[PDB]
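Notes for the one structure printed next.
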Amino acid sequence: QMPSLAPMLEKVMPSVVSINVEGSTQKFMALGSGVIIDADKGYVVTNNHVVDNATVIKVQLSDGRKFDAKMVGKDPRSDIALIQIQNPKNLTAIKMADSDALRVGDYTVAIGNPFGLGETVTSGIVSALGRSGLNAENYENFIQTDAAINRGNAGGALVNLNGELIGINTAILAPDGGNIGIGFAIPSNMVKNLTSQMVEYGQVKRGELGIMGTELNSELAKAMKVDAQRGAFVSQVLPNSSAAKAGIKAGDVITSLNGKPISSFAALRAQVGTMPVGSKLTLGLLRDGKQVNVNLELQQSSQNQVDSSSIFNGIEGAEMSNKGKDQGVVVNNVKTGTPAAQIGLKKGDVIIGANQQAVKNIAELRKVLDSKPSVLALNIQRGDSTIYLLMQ
Amino acid sequence: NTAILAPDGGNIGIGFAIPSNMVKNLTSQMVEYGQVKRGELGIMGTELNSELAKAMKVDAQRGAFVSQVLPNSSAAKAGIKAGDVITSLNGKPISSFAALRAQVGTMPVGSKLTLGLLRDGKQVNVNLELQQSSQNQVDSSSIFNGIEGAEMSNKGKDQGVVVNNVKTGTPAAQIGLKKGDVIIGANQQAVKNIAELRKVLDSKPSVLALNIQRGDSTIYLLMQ
Amino acid sequence: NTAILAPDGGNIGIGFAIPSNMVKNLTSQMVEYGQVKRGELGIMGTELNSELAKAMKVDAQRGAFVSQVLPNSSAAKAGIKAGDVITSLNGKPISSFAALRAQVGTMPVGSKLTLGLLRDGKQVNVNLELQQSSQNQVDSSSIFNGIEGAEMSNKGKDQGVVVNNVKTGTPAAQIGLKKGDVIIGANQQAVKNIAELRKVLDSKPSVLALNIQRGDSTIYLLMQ
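Protein chains in written order, with the deposited numbering: chain A, 11 to 35, 82 to 448; chain A', 225 to 448; chain A'', 225 to 448. A prime marks a further copy of an entry chain.
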């Protein structure tokens, strides 16, 4: 009688699907993996970079079945995209684990589609936690593992021995485009927060404390007479920000969030970066070697805007986001001499509906384009006037 | 272990091995006869994918799709018809057509097996027996280490090593060898199969003297 | 309206249209079978001009001149001989050989017609019945939009779509197709004629699965 991962995998494997994609920007073809998050609705999480600029998206289960899927949401900053299987029949979803309970040394299993071979399983351990720096503009709080990960594994599952999702495989460190024992996955907690938003609104409503800062290193801790050699150093706090109102002052060092210690400023940024606006949280602070606790509430941010090419697959030069709560899709900013402004679009406009269907958020709008009508008729409102924009 | 998938000629976590069952079947043959006597059901086919299963009103998204069955083949005799889908072999489910091909491809001729079939959404079972195949032939360079242009295989059961086909302007035909010949012995030692023949060459004699038979005549071919 | 005579690609007062009678005959066929089943009298001929009428001691300066009649053709059976001149069809006078060809060319096989003939300055009448022809075949590119090198037509009456001839090194033969094959069905739908077949392709399935029959065997050809 031998130890084996097989019993655990029999239940878990159907939960991991593989994504095939065709797109354009000049035609291309790509492939990766995805994880079923809601069996009934057919929701499937995956990497944003796998499904970015995709005209066609098809999903293949472990048992051979093929489905077509449509984009639901996407977040370039965290590299997480949510798609939806069309006509979801008899699916199996994965249960998610609490990634905050992960320790280095814990065992891991990776499941995905390397080089299109098909559903492939590999094993390792958690090598490190809170890794970041791959792209300093992205929100990254990676789990690192030595379970083999290669091209095609992206969007695939990283699970513990109990077949619970702890992460989504996103990247590797490889000088040769081949795995050398260093892989990175997005923690499952971040996935829980980002996807649950996309499901309802079509995008993520980003919150902010309103503080500038940098990594607290040992040298900086000497200059500042601080004991801790790690944490978020508050460079400054913006006026009229939640942080200011809360009582946070510059020269402060943030050591914990909601009880959980903080690896770094980068990690902290990644935590709050995924939480919805109006979230009640609490911070551990260190000022003058004295421990402080504070109650905060996330607020509106300037990072909400997303490009129009992301929604019309080829219409560049217009950023736009949800408005208030279910009040339509307001256009944030418009660039001159671009495909968007060529049909009339101007910043300040608020899309009320399209083709006689009401539009409250980006999801409802995307739901009309999924229909793929020959002509698109937007009912926007400029100032006190209602107008229409026709496409094609 | 046979191969790896490596863009850099270095391992990246993807290795492939031949299943031990296939090794058990192939080697046990080589031990007795010096080569594998390949069997065939006599059916053309392809991988059953989900798209093909839609066209064919089939439920299964995987298995071997019977394109056609050859006349006078074991499959035909057994009652297999085109448009059939093979789902199991000897009870064991079937991953793919490729796998199926690999299973029977290693079994010896005259093996009694049984297939699970799906035709018109109805489960069928069939009793088959492997038969002679055209894939038996092997090159002469494989046995003389440098004599190309003559394929040859065992004959019947321990009746010598018959030559299947001969190519013109090749090292083999330069010593006389012609297709149809049946090697009875070499250097006064009797030859029943390729193993016994290989056993004479292992001796590594300066001159090799083959006692072949063309038609009703017995002749000899000398080498070196 | 089909064409114009224009040196400049612009109308100059000369336009041409296909007569409505020809349209009635051709379309009524396509509706039922997907193509036209061409009939033939089986006679070679040419335009009867005034010069030819002098040579032949004929009075008429226009009509179809019978160069020769094919053996075992409806014309032969009917009593038509070379050196004959056809002046009418079903009562209607004949403008030319070209016109005559165009009339019968649109009529379905097995049509009962009658011809006015002039032989040795004597008026004759004959009862004919159109017969099978060699012009029935059509290209496979016409039905698969891009599959060249295989001609094919209906077979008998609603017996499927037989392939007339196949060319080597062409997209059609690359999937297996060989002349002599008879398409019984496609994707589990029965196929009696080219219309029913075209009706399956109108569905535009990802994979096309043809149930053809070569000799006494039934097989399948997969596409895409």
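The C-beta atom is built at its ideal place from N, Cα and C for all residues, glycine as well.
Assumed close pair residue i, residue j - CB separation to whole angstroms, cut-off 8 angstroms
i, j, result
"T330/A'", "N314/A'", "Between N314/A' and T330/A' the Cβ distance is about 13 angstroms, and since that is not below 8 angstroms, they are no contact."
"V115/A", "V91/A", "11 angstroms between Cβ atoms; not a contact."
"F321/A'", "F368/A'", "That belief does not hold up - the Cβ atoms of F321/A' and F368/A' are roughly 36 angstroms apart, past 8 angstroms."
"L432/A''", "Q448/A''", "6 angstroms"
"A374/A", "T392/A", "That pair is no contact at about 11 angstroms."
"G239/A'", "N225/A'", "6 angstroms"
"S89/A", "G172/A", "The Cβ separation is near 11 angstroms, so there is no contact."
"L265/A'", "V328/A'", "6 angstroms"
"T442/A''", "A306/A'", "5 angstroms"
"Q361/A''", "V333/A''", "Actually they do not touch by this definition, with Cβ atoms about 15 angstroms apart."
Environment of residue i [buried if 16+ CB atoms lie within 10 Å]
i, result
"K416/A''", "buried"
"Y257/A'", "buried"
"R286/A'", "buried"
"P231/A''", "exposed"
"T201/A", "buried"
"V260/A", "buried"
"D283/A'", "exposed"
"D131/A", "buried"
"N273/A'", "buried"
"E196/A", "buried"
"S364/A'", "buried"
"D405/A'", "buried"
"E32/A", "exposed"
"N378/A''", "buried"
"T251/A''", "exposed"
"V22/A", "buried"
"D135/A", "buried"
"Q359/A'", "exposed"
"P24/A", "buried"
Closer than 8 angstroms at the beta carbon, the chain A'' residues around residue i
i, result
"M280/A'", "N411, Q412, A433"
Span of the alpha helix (DSSP H) around residue i
i, result
"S320/A''", "That residue, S320/A'', is in no alpha helix (DSSP H); it is neither H nor E in DSSP."
"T251/A", "244 to 257"
"residue 48/A", "The residue list of chain A ends a segment at 35 and starts the next at 82, so residue 48/A has no coordinates to report."
"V106/A", "104 to 107"
"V22/A", "16 to 22"
"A300/A'", "298 to 302"
"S312/A''", "Not the alpha helix (DSSP H): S312/A'' falls in the beta strand (DSSP E), residues 309 to 313."
"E275/A'", "274 to 279"
Amino acids of chain A', ordered along the chain, whose beta-carbon sits closer than 7 angstroms to that of residue i
i, result
"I443/A''", "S291, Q292, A306"
"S430/A''", "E275"
Extent of the continuous beta strand (DSSP E) run through residue i
i, result
"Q437/A''", "432 to 438"
"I367/A", "No beta strand (DSSP E) holds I367/A; the alpha helix (DSSP H) holding it covers 365 to 368."
"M447/A'", "441 to 447"
"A227/A", "221 to 228"
"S291/A''", "288 to 293"
"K122/A", "122 to 131"
"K336/A", "336 to 343"
"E375/A''", "374 to 378"
"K114/A", "110 to 116"
"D94/A", "83 to 94"
Cross-chain neighbours of residue i in chain A', by beta carbon under 9 angstroms
i, result
"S427/A''", "The contacting residues do not exist; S427/A'' stays about 10 angstroms from chain A' at best."
"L446/A''", "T270, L276, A279, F289, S291"
Within chain A'', partners of residue i - CB distance below 7 angstroms
i, result
"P295/A'", "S441"
Interface partners of residue i on chain A', CB under 8 angstroms
i, result
"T178/A", "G237"
Contact set between residue i and chain A, taken where Cβ atoms lie within less than 9 angstroms
i, result
"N273/A'", "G120, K122"
Per-residue contacts from residue i into chain A (C-beta, under 7 angstroms)
i, result
"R286/A'", "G120"
Check each residue of the stretch 226 to 237 of chain A': if its Cβ is closer than 9 angstroms to any Cβ of chain A, include it; give the result in chain order.
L229, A230, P231, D232, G234, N235, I236, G237
Taking a cut of 7 angstroms between CB atoms, which residues from the stretch 189 to 212 of chain A lie near chain A'?
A204, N206
Along the stretch 164 to 175 of chain A, what residues have a CB closer than 7 angstroms to any CB found in chain A'?
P170, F171
Pull out every residue of the stretch 102 to 125 of chain A whose Cβ sits closer than 7 angstroms to any Cβ of chain A', in chain order.
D119, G120, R121, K122
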